[PDB]
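Heads up: take any position in the sequence shown, counting from 1, add 47, and you land on my numbering.
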Amino acid sequence: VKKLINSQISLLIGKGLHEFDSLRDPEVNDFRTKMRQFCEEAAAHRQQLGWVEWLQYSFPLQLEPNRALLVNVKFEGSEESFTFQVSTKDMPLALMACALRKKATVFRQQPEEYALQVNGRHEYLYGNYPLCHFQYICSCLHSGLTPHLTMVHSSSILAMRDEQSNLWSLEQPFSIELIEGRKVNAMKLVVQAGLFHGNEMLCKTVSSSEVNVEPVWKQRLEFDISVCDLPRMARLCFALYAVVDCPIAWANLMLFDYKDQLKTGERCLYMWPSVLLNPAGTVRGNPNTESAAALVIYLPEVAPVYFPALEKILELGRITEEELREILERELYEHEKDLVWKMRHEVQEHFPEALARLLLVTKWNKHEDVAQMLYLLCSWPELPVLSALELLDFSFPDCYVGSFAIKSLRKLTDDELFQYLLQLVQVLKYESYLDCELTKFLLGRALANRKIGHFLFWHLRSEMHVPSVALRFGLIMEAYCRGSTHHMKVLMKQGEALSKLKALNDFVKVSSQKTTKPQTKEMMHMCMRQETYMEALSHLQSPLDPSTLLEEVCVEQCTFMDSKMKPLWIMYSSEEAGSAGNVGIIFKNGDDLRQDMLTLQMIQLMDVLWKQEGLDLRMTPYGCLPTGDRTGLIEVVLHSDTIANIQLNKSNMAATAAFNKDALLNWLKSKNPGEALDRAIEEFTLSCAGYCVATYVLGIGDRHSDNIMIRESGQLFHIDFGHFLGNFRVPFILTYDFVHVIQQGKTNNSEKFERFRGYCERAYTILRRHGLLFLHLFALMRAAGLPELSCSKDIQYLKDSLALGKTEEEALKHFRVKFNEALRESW
Ligand SMILES: Cc1csc2cc([C@H](C)Nc3ncnc(N)c3C#N)c(-c3ccccc3)c(=O)n12
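So, in structure tokens, the structure goes:
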């Protein structure tokens, strides 16, 4: 029933669908109807995909950014398996042919009709790629583990598909009437009002008269801009404050509605409390109408006037110094801005990637200059993904500009889209209207790729406790669910597990304040062994990675950290996945995990960029996902310990040492006996270089032995990223205990140590070349509202860390100075 689906969506998104209807908002109504149709169309297309296309939708290939290997292969309806010897260069089809030939000799009598499932995972190997190009195979080679695969027939894939079925004449100056305000404060009240096009003022800000602290102004506010010159995306921004400065509240609104109609007449603005003008703030009023200060205004009846259609703009806009033009096209002066604008045609024809620079010189407060700009924009060639990411910033607020950026981003691969998904979702917070090209783009890509769809859901769901985005995000999630009834239920199962983990964690938090850790742990186990917990916590797809299946919860192995927020350690097993099904999740409640996730995703991007240049620094890109209000999950890295635990140098252990500096190397020797030691020291060296460069570039501070871990393989990785971008200029960090392992436990080993410096330098030089990508992604991330990513000074930290203004030679000299200073500081 449509009624059952509505109650399921309401529970899933954390907001009743009845709340949307109660708003009596035609913009909400049209978004709902329009996006419902769009997502239902995509669902209809999905249910008729061919079986290979269904594999591409549900299990998109996990590929990496000659040698002999053994692979174990079984068929779906059998316990019997065959271990084959194949090559890393061999394709899945050859492996499937071997499997079918062996089955033919066992059962006594077409490879193209099959796909290879990774046992107990929603992950498949298919396509014309050598086995070593698959992430799963690549992972198996590095850990030494034997790949375990299942031959799955096209009819079984089709069965999965089927079961998952669903104007320019108005020359008068712009003016408003400030009628009256509301709510208490300590002084006089002043309303500051400015017209903005993104971060840029369209004219000077006008302030009304001072009135004593239900204030009544009934004052006319006149602006230094003609009504005809208001750009389509013009924002009227307000700041209510007190004066003897005391900030109280702010509110913004678009001057044109979602139907392009110029707004008239009376508007009640439910204001948001302050941390004066906030142009990047939402243009929707505070939903807490009970307690919020309100400002009533009047938009004079200029008479029904709409913004001119594209056909009108283009009609109007249709109507040796080349040297200095080039030198500034790779902050600028007035004569330089005039050069760019005069030669705008030369920008379009010979420097199309300089569109951003031309957009920034355009006079957005003059309709003639805007029409001239829009005329070139509508015939502008599509730009690279990198250029388009810059155009998504609040610095380019125009709707046509926004639409052009999306058009250039349509060529993003699913892998690239996934890499930038977090930032694209954040950009939604800058959107002026509910129905927009970004939302339609995201929803379309989410419905065409189940992994994208999973993370789009979680990035929206995890901010439902934020009133400024709850309506927009709730509406997007509802549209998504209309497009995928099956995935909605899959996501509901994840939500049921998370609700139980929150209840369990609250119980642990209370109990641990009264009894011992073994007693709270045994009480935790009794709670988990309740039928409703065993059921809710088992048989789900991991919110951290939908390809990871969390099958049977292993209660005996579950525990908690008897410190700070008391995070839970939840272990799982899967008889079908074998050793690969042994996975864990950390549930933590009380900390905002958004910065943690951003830091890990930036490190993961670094790893991708390094790997693209043939550099594998053996990183550990473990998952981190906010799921709710100060709630989220962390993927467990098994067979790892903290540096602090190893450094304790406890007795009656294989790691005990004569000197504390040897504890780490002795631990590595115990985990890697004989010939295996050399591979472990190399794993340590590579990862140490990766994380040294990563933490320096990102300005990750407060690094100690308690937030650095080591895998038994020798790989080093970081945890608990509470601080970044130097928000306590953090220098490069080198640790003597780590120098000791790199140097193979020798006091003097300049051969090994300088090979490590070379890894650092190469890693650093690679990231420098992609400096712009980091800058564009961090600029979009400013929309998130993270306290450590709030201004130009936070972005400046990255420019400085990557030394982007300098030449590669100058940058490497500067890096060598910082590395050498870190070497002297290391004892
Ligand atoms: C019980 C528990 C709940 S939460 C928690 C975290 C950690 C460590 C510090 N952190 C990570 N451990 C593995 N994978 C990760 N992704 C992280 C993180 N972040 C350990 C713990 C202590 C000592 C040795 C091995 C583990 C631990 O027992 N817990």
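We put the CB at the ideal spot given by N, CA and C, even for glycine.
Can you round the beta-carbon distance between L433 and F451 to whole angstroms, since I take them to be within the 8 Å contact cut?
Rounded, the Cβ-Cβ distance is 15 Å, inconsistent with contact.
For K410, the three-state DSSP class (helix, strand or coil):
coil
Under the rule that 16 or more other beta-carbon atoms within 10 Å means buried, what is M420, buried or exposed?
buried
Assign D725 to one of three DSSP states: helix, strand, or coil.
helix
Alpha helix (DSSP H) runs wholly inside the segment 138 to 166, at least 4 long, in chain order:
139 to 153
Status (buried if at least 16 other CB within 10 Å, exposed otherwise) for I374:
exposed
Buried or exposed for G773, please, with buried defined as at least 16 other CB atoms from any protein chain shown within 10 angstroms of its CB.
buried
Alpha-carbon to alpha-carbon, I728 and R372
53 Å
So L225 and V238 are in contact, right, with Cβ under 8 Å, and what is the actual spacing, rounded?
6 Å
Sorry if obvious, but does the Cβ on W714 come closer than 8 Å to a heavy atom of ligand 2?
Because ligand 2 does not appear in the structure shown, any question about it cannot be addressed here, the ligands present being ligand 1.
Inspect the beta-carbon positions of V199 and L163 and report whether they are closer than 9 Å.
yes
Are the CB atoms of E170 and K658 within a distance shorter than 9 Å?
no
Beta-bridge partners of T812, as assigned by DSSP:
The partner list for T812 (beta bridge, DSSP) is empty, contrary to what the question assumes.
As assigned by DSSP and simplified to three states, the class of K793
coil
Would you check if the distance between the CB atom of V513 and the CB atom of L827 is smaller than 9 Å?
no
Are there any heavy atoms of ligand 1 lying less than 8 Å away from the beta-carbon of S687, as far as the coordinates show?
yes
Compare the beta carbon distance of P334 and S273 with 9 Å and say whether it is the shorter of the two.
no
Can residue 2 be considered in contact with ligand 1, in the sense that its beta carbon sits closer than 8 Å to one or more heavy atoms?
No statement about residue 2 is possible, as the shown extent of the chain runs from 48 to 874 and does not include it.
Excluding five sequence neighbours on each side, which residues of the same chain lie with their C-beta closer than 6 Å to the C-beta of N496?
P107, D461
Kindly confirm or deny that the segment 120 to 137 and the segment 525 to 539 touch, where touching means at least three C-beta pairs closer than 8 Å.
no
Can you give me the C-alpha to C-alpha distance between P673 and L545, rounded to a whole angstrom?
11 Å
Output the boundary residues of the alpha helix (DSSP H) element that contains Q395.
391 to 397
Backbone secondary structure at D461 - three-state DSSP:
helix
Going residue by residue through the segment 177 to 262, where are the continuous beta strand (DSSP E) segments of at least 3 residues, counting only ones entirely within it?
195 to 200, 220 to 228, 235 to 244
Can you find at least 3 beta carbon pairs, one from the segment 49 to 67 and one from the segment 173 to 187, that sit closer than 8 Å?
no
For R758: DSSP bridge partner residues:
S687
Flag this pair as yes or no: are the beta carbons of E160 and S128 separated by less than 9 Å?
no
Considering only DSSP beta bridges, list what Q132 is partnered with.
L117
Bridge partners of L316, per DSSP?
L342
For the alpha helix (DSSP H) holding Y104, just list the boundary residues, first then last.
98 to 105
Considering only their Cβ atoms, is the gap separating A831 from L680 smaller than 9 Å?
no
With a CB to CB cut of under 6 Å and the five nearest residues on each side skipped, what residues in its chain are close to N629?
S620
With a cut-off of 8 Å, do at least 3 Cβ pairs link the segment 797 to 812 to the segment 728 to 739?
yes
So, helix, strand or coil for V472, using DSSP?
helix
Anticipated Cβ contact below 8 Å, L494 with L471, distance rounded:
Going by Cβ atoms, the distance from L494 to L471 rounds to 15 Å, so no, they are not a contact pair.
Skipping 5 residues on each side, what residues in its chain have a beta carbon closer than 7 Å to that of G500?
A493, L494, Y527, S531, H534
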